[PDB]
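Listing of work38.txt, compact mmCIF, C-alpha atoms
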# COMPACT_ATOMS: atom_id res chain seq x y z
CA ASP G 36 0.00 0.00 0.00
CA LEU G 37 1.93 2.99 -1.33
CA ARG G 38 -0.47 5.48 0.24
CA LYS G 39 0.20 4.14 3.71
CA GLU G 40 3.87 3.90 2.87
CA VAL G 41 4.19 7.53 1.81
CA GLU G 42 2.33 8.85 4.86
CA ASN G 43 4.37 6.59 7.16
CA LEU G 44 7.70 7.71 5.68
CA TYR G 45 6.94 11.43 5.94
CA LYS G 46 4.94 11.12 9.21
CA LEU G 47 2.34 13.34 7.52
CA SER G 48 -1.11 12.70 6.09
CA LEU G 49 -1.61 13.81 2.51
CA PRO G 50 -4.79 15.43 1.15
CA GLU G 51 -7.04 13.72 -1.38
CA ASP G 52 -5.91 16.03 -4.21
CA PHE G 53 -2.41 14.58 -3.82
CA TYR G 54 -3.62 11.09 -4.72
CA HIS G 55 -6.15 12.23 -7.34
CA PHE G 56 -3.43 14.18 -9.14
CA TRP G 57 -1.24 11.07 -9.24
CA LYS G 58 -4.13 9.34 -11.02
CA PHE G 59 -4.49 12.30 -13.36
CA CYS G 60 -0.81 12.04 -14.24
CA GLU G 61 -1.11 8.26 -14.71
CA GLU G 62 -3.79 9.05 -17.26
CA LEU G 63 -1.48 11.49 -19.06
CA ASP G 64 1.50 9.14 -19.09
CA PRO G 65 0.84 5.63 -17.74
CA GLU G 66 4.50 4.55 -17.90
CA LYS G 67 6.10 7.55 -16.16
CA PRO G 68 3.33 9.48 -14.37
CA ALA G 69 5.75 11.60 -12.32
CA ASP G 70 7.19 12.95 -15.60
CA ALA G 71 3.85 13.53 -17.38
CA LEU G 72 4.35 17.33 -17.30
CA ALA G 73 8.09 17.44 -17.96
CA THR G 74 8.01 18.23 -21.67
CA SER G 75 5.06 20.65 -21.68
CA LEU G 76 5.67 22.48 -18.38
CA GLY G 77 9.21 21.59 -17.33
CA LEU G 78 7.89 20.18 -14.05
CA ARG G 79 8.46 16.82 -12.32
CA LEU G 80 6.54 15.26 -9.43
CA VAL G 81 8.86 14.39 -6.51
CA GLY G 82 8.97 14.04 -2.73
CA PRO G 83 5.94 12.06 -1.59
CA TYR G 84 5.31 11.38 -5.29
CA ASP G 85 8.66 9.55 -5.41
CA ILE G 86 7.09 7.08 -2.98
CA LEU G 87 3.97 6.66 -5.13
CA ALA G 88 6.43 6.25 -7.99
CA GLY G 89 8.14 3.37 -6.19
CA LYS G 90 11.57 4.97 -6.64
CA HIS G 91 12.45 4.17 -3.00
CA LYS G 92 11.78 0.43 -3.52
CA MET G 93 15.02 -0.64 -5.22
CA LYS G 94 17.11 0.24 -2.14
CA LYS G 95 17.53 -2.46 0.53
CA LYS G 96 16.54 -1.73 4.12
CA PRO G 97 17.81 -0.16 6.15
CA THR G 98 18.15 2.52 3.45
CA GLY G 99 18.69 5.42 5.83
CA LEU G 100 16.33 7.57 3.79
CA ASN G 101 15.20 10.60 5.72
CA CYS G 102 12.06 12.21 4.36
CA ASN G 103 12.59 15.32 6.46
CA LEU G 104 15.48 16.13 4.11
CA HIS G 105 14.07 14.69 0.89
CA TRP G 106 13.66 17.50 -1.68
CA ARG G 107 13.85 20.03 1.18
CA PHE G 108 15.33 23.11 -0.50
CA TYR G 109 17.48 25.64 1.31
CA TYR G 110 14.64 27.98 2.39
CA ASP G 111 11.88 25.38 2.88
CA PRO G 112 10.57 25.82 6.45
CA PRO G 113 9.28 22.67 8.20
CA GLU G 114 5.73 23.68 7.18
CA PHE G 115 6.68 23.29 3.49
CA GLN G 116 6.77 19.82 1.87
CA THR G 117 8.04 19.79 -1.74
CA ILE G 118 5.90 17.91 -4.29
CA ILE G 119 6.85 19.47 -7.69
CA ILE G 120 10.17 20.72 -9.07
CA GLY G 121 11.08 22.90 -12.01
CA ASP G 122 14.41 24.18 -13.30
CA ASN G 123 17.38 23.73 -10.96
CA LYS G 124 18.83 26.99 -12.32
CA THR G 125 16.23 28.82 -10.22
CA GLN G 126 15.28 25.86 -7.99
CA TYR G 127 11.64 26.62 -8.64
CA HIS G 128 9.47 24.18 -6.73
CA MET G 129 5.99 23.80 -5.26
CA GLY G 130 5.12 22.29 -1.90
CA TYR G 131 2.26 21.62 0.45
CA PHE G 132 2.20 24.16 3.29
CA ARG G 133 0.91 22.94 6.66
CA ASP G 134 0.60 25.13 9.74
CA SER G 135 0.49 22.01 11.92
CA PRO G 136 1.87 18.50 11.33
CA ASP G 137 -1.53 17.27 12.59
CA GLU G 138 -3.53 19.16 9.97
CA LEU G 139 -3.87 18.85 6.23
CA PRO G 140 -2.15 21.40 3.97
CA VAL G 141 -3.63 24.87 3.92
CA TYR G 142 -2.35 25.61 0.39
CA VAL G 143 0.31 24.86 -2.20
CA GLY G 144 3.23 27.28 -1.97
CA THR G 145 6.01 28.04 -4.46
CA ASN G 146 9.57 29.28 -4.10
CA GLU G 147 12.68 29.73 -6.25
CA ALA G 148 15.38 28.79 -3.78
CA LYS G 149 18.22 30.32 -5.78
CA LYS G 150 16.33 33.65 -5.85
CA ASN G 151 15.05 34.30 -2.32
CA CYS G 152 13.20 32.82 0.66
CA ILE G 153 9.74 34.04 -0.36
CA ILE G 154 6.85 31.55 -0.50
CA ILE G 155 3.91 32.49 -2.74
CA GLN G 156 0.43 30.99 -2.49
CA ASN G 157 -0.54 29.01 -5.59
CA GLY G 158 -3.99 27.54 -4.91
CA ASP G 159 -5.14 25.14 -2.19
CA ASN G 160 -4.64 21.90 -4.14
CA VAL G 161 -2.20 20.62 -6.72
CA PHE G 162 -4.69 20.78 -9.62
CA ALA G 163 -4.97 24.54 -9.05
CA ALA G 164 -1.22 24.93 -8.62
CA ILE G 165 -0.57 23.24 -11.98
CA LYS G 166 -3.42 25.10 -13.70
CA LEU G 167 -2.00 28.45 -12.55
CA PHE G 168 1.51 27.49 -13.67
CA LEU G 169 0.17 26.34 -17.05
CA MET G 170 -1.70 29.61 -17.54
CA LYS G 171 1.57 31.48 -17.10
CA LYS G 172 3.32 29.10 -19.51
CA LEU G 173 0.55 29.72 -22.06
CA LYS G 174 1.63 33.38 -22.25
CA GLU G 175 5.25 32.45 -23.13
CA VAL G 176 4.91 29.68 -25.72
CA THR G 177 5.45 30.57 -29.39
CA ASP G 178 4.71 27.25 -31.14
CA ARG G 179 1.12 26.45 -32.02
CA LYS G 180 1.77 22.71 -31.62
CA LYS G 181 2.94 23.27 -28.05
CA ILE G 182 -0.05 25.55 -27.43
CA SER G 183 -2.33 22.73 -28.59
CA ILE G 184 -0.76 20.34 -26.05
CA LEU G 185 -1.12 22.92 -23.26
CA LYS G 186 -4.78 23.55 -24.15
CA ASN G 187 -5.43 19.79 -23.99
CA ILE G 188 -3.80 19.45 -20.55
CA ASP G 189 -5.70 22.57 -19.44
CA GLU G 190 -8.99 21.04 -20.57
CA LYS G 191 -8.29 17.74 -18.80
CA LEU G 192 -7.06 19.50 -15.65
CA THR G 193 -10.14 21.71 -15.48
CA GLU G 194 -12.55 18.82 -16.08
CA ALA G 195 -10.86 16.70 -13.41
CA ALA G 196 -11.03 19.57 -10.91
CA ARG G 197 -14.69 20.17 -11.78
CA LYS G 198 -15.64 16.52 -11.18
CA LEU G 199 -13.62 16.38 -7.96
CA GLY G 200 -14.84 19.73 -6.64
CA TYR G 201 -11.44 21.48 -6.43
CA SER G 202 -11.16 25.23 -6.85
CA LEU G 203 -8.69 26.42 -9.47
CA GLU G 204 -8.35 29.86 -7.86
CA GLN G 205 -5.03 31.14 -6.57
CA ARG G 206 -6.65 32.05 -3.24
CA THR G 207 -9.75 30.20 -2.04
CA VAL G 208 -12.30 30.93 0.68
CA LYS G 209 -10.51 28.43 2.93
CA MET G 210 -7.15 30.12 2.31
CA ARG G 211 -8.56 33.56 3.13
CA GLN G 212 -9.98 32.14 6.36
CA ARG G 213 -6.55 30.74 7.24
CA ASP G 214 -4.87 34.07 6.46
CA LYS G 215 -7.22 35.73 8.99
CA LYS G 216 -5.41 33.66 11.64
CA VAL G 217 -1.93 34.78 10.55
CA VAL G 218 -0.19 36.66 13.37
CA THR G 219 2.86 37.81 11.31
CA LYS G 220 4.04 37.36 7.72
CA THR G 221 7.67 36.45 8.62
CA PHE G 222 10.52 36.96 6.18
CA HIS G 223 9.12 34.30 3.87
CA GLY G 224 5.80 36.14 3.62
CA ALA G 225 3.68 32.98 3.82
CA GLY G 226 2.45 33.69 7.33
CA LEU G 227 2.74 32.16 10.76
CA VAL G 228 -0.41 30.76 12.41
CA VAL G 229 -0.41 30.06 16.15
CA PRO G 230 -3.32 30.05 18.61
CA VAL G 231 -4.16 33.43 20.14
CA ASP G 232 -6.78 33.48 22.85
CA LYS G 233 -9.29 36.06 24.05
CA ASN G 234 -6.75 37.69 26.34
CA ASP G 235 -4.24 37.85 23.39
CA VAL G 236 -2.07 35.08 24.84
CA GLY G 237 -0.05 33.04 22.35
CA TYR G 238 2.00 35.55 20.35
CA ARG G 239 3.83 38.83 20.71
CA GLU G 240 5.68 40.87 18.10
CA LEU G 241 9.44 41.11 17.79
CA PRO G 242 11.02 44.18 19.41
CA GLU G 243 12.45 45.16 15.99
CA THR G 244 10.63 45.67 12.72
CA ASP G 245 11.37 43.26 9.89
CA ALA G 246 13.45 45.88 8.09
CA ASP G 247 15.49 46.64 11.21
CA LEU G 248 15.95 42.93 11.93
CA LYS G 249 17.28 42.50 8.39
CA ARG G 250 19.63 45.42 8.99
CA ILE G 251 20.91 43.68 12.13
CA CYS G 252 21.31 40.35 10.32
CA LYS G 253 23.23 42.04 7.51
CA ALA G 254 25.61 43.56 10.07
CA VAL G 255 26.33 40.07 11.43
CA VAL G 256 27.06 38.68 7.97
CA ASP G 257 29.15 41.71 6.93
CA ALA G 258 31.22 41.72 10.15
CA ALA G 259 34.96 41.78 9.48
CA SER G 260 36.07 39.82 12.56
CA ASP G 261 34.85 37.54 15.34
CA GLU G 262 34.81 40.42 17.82
CA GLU G 263 32.96 42.59 15.30
CA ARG G 264 30.49 39.76 14.67
CA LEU G 265 29.87 39.39 18.40
CA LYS G 266 29.03 43.08 18.73
CA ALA G 267 26.73 42.92 15.70
CA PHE G 268 25.03 39.85 17.15
CA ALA G 269 24.23 41.60 20.45
CA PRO G 270 20.69 42.71 19.44
CA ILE G 271 19.86 39.14 18.44
CA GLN G 272 21.11 37.80 21.78
CA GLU G 273 18.90 40.40 23.48
CA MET G 274 15.91 39.32 21.38
CA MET G 275 16.53 35.75 22.51
CA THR G 276 16.15 36.92 26.09
CA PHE G 277 12.90 38.63 25.11
CA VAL G 278 11.79 35.30 23.63
CA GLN G 279 12.55 33.65 26.98
CA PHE G 280 10.26 36.22 28.63
CA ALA G 281 7.57 35.50 26.05
CA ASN G 282 7.86 31.74 26.53
CA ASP G 283 7.42 32.20 30.29
CA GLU G 284 4.21 34.12 29.54
CA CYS G 285 2.95 31.49 27.04
CA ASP G 286 3.45 33.73 23.96
CA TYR G 287 5.15 30.91 22.10
CA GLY G 288 4.68 32.45 18.65
CA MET G 289 7.37 35.06 19.24
CA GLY G 290 10.21 32.55 19.33
CA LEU G 291 8.81 30.83 16.25
CA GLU G 292 8.85 34.17 14.41
CA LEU G 293 12.40 35.11 15.46
CA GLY G 294 13.72 31.64 14.66
CA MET G 295 11.90 31.55 11.32
CA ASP G 296 13.16 34.97 10.32
CA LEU G 297 16.73 33.98 11.18
CA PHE G 298 16.40 30.74 9.20
CA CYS G 299 14.89 32.63 6.27
CA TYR G 300 17.76 35.09 6.25
CA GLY G 301 19.87 32.09 5.27
CA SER G 302 23.24 32.72 6.93
CA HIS G 303 24.91 29.81 8.71
CA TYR G 304 25.86 32.32 11.44
CA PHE G 305 22.26 31.93 12.64
CA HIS G 306 22.02 28.14 12.61
CA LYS G 307 23.03 27.76 16.26
CA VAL G 308 20.44 30.19 17.61
CA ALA G 309 17.84 29.01 15.11
CA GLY G 310 18.47 25.51 16.48
CA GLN G 311 17.68 26.83 19.95
CA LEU G 312 14.59 28.85 18.99
CA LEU G 313 12.73 26.68 16.52
CA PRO G 314 12.73 23.17 18.05
CA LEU G 315 11.71 24.73 21.36
CA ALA G 316 8.97 26.84 19.75
CA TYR G 317 7.56 23.89 17.81
CA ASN G 318 7.64 21.64 20.85
CA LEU G 319 5.91 24.26 23.01
CA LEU G 320 3.26 24.57 20.28
CA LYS G 321 2.88 20.74 20.25
CA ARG G 322 4.10 20.68 16.64
CA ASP G 323 6.72 18.06 17.49
CA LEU G 324 7.45 16.78 13.97
CA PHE G 325 8.43 20.29 12.85
CA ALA G 326 11.03 20.42 15.64
CA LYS G 327 12.56 17.23 14.24
CA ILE G 328 12.50 18.54 10.65
CA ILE G 329 14.28 21.79 11.54
CA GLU G 330 16.88 19.93 13.63
CA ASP G 331 17.58 17.60 10.71
CA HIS G 332 17.58 20.41 8.17
CA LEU G 333 19.85 22.80 10.09
CA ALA G 334 22.32 19.94 10.51
CA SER G 335 22.30 19.25 6.76
CA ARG G 336 21.25 22.51 5.09
CA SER G 337 22.22 21.68 1.52
CA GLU G 338 22.09 24.05 -1.43
CA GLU G 339 22.35 21.11 -3.89
CA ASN G 340 21.93 17.34 -3.72
CA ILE G 341 18.74 17.22 -1.67
CA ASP G 342 17.31 14.18 -3.51
CA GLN G 343 17.67 11.28 -1.08
CA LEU G 344 16.87 8.89 -3.97
CA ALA G 345 19.30 10.29 -6.59
What does the file become when written as structure tokens?
Amino acid sequence: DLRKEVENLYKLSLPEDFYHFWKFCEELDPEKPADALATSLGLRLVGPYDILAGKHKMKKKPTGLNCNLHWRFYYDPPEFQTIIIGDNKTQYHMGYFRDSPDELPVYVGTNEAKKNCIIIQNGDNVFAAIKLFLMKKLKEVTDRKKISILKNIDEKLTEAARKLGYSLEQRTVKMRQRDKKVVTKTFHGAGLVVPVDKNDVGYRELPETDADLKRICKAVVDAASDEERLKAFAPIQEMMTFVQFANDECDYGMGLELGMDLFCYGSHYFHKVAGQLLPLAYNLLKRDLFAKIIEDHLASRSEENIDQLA
């Protein structure tokens, strides 16, 4: 049972559109479903789709495969689970975004990891995410034979979504309801959702604005010496004390935000403190799996060679 296998290996449930889209791709190319969109869109299905693909099967147990790292790009936060890849020149990729390991994805996000850390919303299911990508591709293609192929995939995609009841919109009602719960955008822009009660307990803002925090981070990276770097780091050390205060007052979202911003900034100079902030924040929020993902990822934060099944 590949479905049980994929959810066991990632320790995450997958939504029904994940499995329906596999079937859709099997229909497009029965022999190599994960590559059904490679020629027309330049996209390949990977990650949990590798499991559906049976790519993991040839290896003999114990393989040592770690799904926490599998197709995890450099700026993928633990919430983001890659399912589609494009060109490695930009490291374009799409992933399911989950606010909690115990909840189904709230949308499909996209990022170009060689460009920046920003995660853009691209529909709430993979049919929508591919439809929206295809629509953009339609504006760039200059060969009527290739346009014909894209129109055919578009027609099949739209009909499948209609029968299954999936919205093709970039932002759905459900996504707008989730974004109401966002307490801060973070550096990746995709939003952080943590519980906030009636008395406002659960989150507090960082004592620096995002722009000033980036200024501080840049000073750490640009520092000419260890002593210079220590002085530049001082505001971040102070913010970690403020996070300790917040944790004592149950405002666990603050440490998640600081840790996420530091991770998003991308410098290895922040891996130690990110490894203090983020596992603790996720564990306090009872999002235990995400603490394990960030521990694994910070220890092996690869720019290239993230395919555990290469």
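Considering the residues G:54, G:47, G:120, G:91 and counting only C-alpha atoms, residue 79 of chain G has its shortest atom-to-atom contact with G:120.
If you measure from each of G:316, G:259, G:153, G:78 to residue 223 of chain G using all atoms listed in the file, the closest one turns out to be G:153.
Interatomic distance, atom CA of residue 249 of chain G to atom CA of residue 263 of chain G: 17.1 Å.
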Item to check | Option closest in space to residue 329 of chain G, from G:140, G:226, G:112, G:97 [counting all atoms listed in the file] | outcome: G:112
Checklist entry - If you count all atoms listed in the file, which residues fall within 12 Å of segment 168-177 of chain G, apart from same-chain ones fewer than 5 positions away, as a PyMOL selection string? => result chain G and resi 72-73+75-78+119-121+127-129+143-145+156-158+161-163+182-190+192-193+203-205
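Closest to residue 214 of chain G among G:42, G:114, G:134, G:85 is G:134, based on all atoms listed in the file.
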